Amino acid sequence: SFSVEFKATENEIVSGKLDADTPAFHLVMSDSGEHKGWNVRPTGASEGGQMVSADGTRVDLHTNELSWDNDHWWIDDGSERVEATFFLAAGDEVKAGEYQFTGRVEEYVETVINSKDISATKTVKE
Amino acid sequence: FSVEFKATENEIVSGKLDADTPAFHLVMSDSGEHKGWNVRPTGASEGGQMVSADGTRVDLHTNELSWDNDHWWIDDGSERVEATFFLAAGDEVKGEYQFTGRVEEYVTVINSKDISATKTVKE
């Protein structure tokens, strides 16, 4: 009954300084079974909380739906479904590229009971 | 803050150049808040030049960075910026050429580091 969906968002991003908080990824973590909360842990290139392009350029990710603890996002949410959007901050100077985020989702109980890798790429146009 | 500076891989042979020829590659990166970067030639390289053991001075050029009298600079807030320094076409080149410089990150310089690399022009 545990499922995750992680996709790049539909909004178009162009290189240059962002006027506004700009959506990049959307995440959905589901389970109707009893649980305490979730972890979203960056992996590989994306460690630190970044999306990373082919040449290695990094862009920080932010979410208003999840808390952060040193190196990963977390939330105590026992509902059947949690959603989170990861956005780029306003004022960030972003270069063109195909930026990939990799990470591992973890469901925990009042102890991790389910985990799964996520991976998505968002385009920044020139 | 990280800096990477190296000779390019293309072979250069002595004589007078036809087109523009890559000589070095530079990567300046920092995840911290910043306004831009300076690349300041130091030592024998002052003037923006690579210099061989016999004292032959060859001009460097870049289309990725701006120039201001005696140094390159760029306003770039992104986490990472790359530059290729090339020799101009029509330049006579004779050895082992060293460029020495200092990379600076500014907002006021908040990080800096010496860079050095040697490029071979063969007979």
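Values below: all heavy atoms of this structure, side chains included; hydrogens, waters and symmetry mates excluded. Labels below follow one simple rule: chain letters A, B, ... track the order of the sequence lines, proteins then strands, and each chain is numbered from 1.
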Is it possible for you to say whether [X] and [Y] belong to one hydrophobic cluster, with membership spreading through side-chain heavy-atom contacts below 4.5 Å?
X	Y	result
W68(A)	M29(A)	yes
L18(A)	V81(B)	no
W37(B)	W72(B)	yes

Task: Remaining members of hydrophobic cluster (4.5 Å side-chain criterion), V109(B) - done: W73(B), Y106(B)

TODO: Could you tell me whether the side chain of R80(B) and the main chain of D55(A) form a donor-acceptor pair under 3.5 Å?
DONE: yes

Open item on the list: Can a donor-acceptor pair be found, under 3.5 Å and without considering hydrogens, that links the side chain of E79(B) to the backbone of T57(A)?
Closed with: no

Task: Under 4.5 Å from any heavy atom of chain A - which part of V27(B) - done: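 Neither part.
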
How long is the span from the [atom1] atom in [X] to the [atom2] atom in [Y], to the nearest 0.5 Å?
X	Y	atom1	atom2	result
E82(B)	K95(A)	CD	NZ	7.5 Å
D75(B)	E93(A)	CG	CD	8.0 Å
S29(B)	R58(A)	OG	CZ	10.0 Å

Open item on the list: For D71(A), I'd like to know if atom CG has over 12 heavy atoms of other residues, nucleotides or ligands within 6.0 Å.
Closed with: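 For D71(A), atom CG is crowded (more than 12 foreign heavy atoms under 6.0 Å).
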
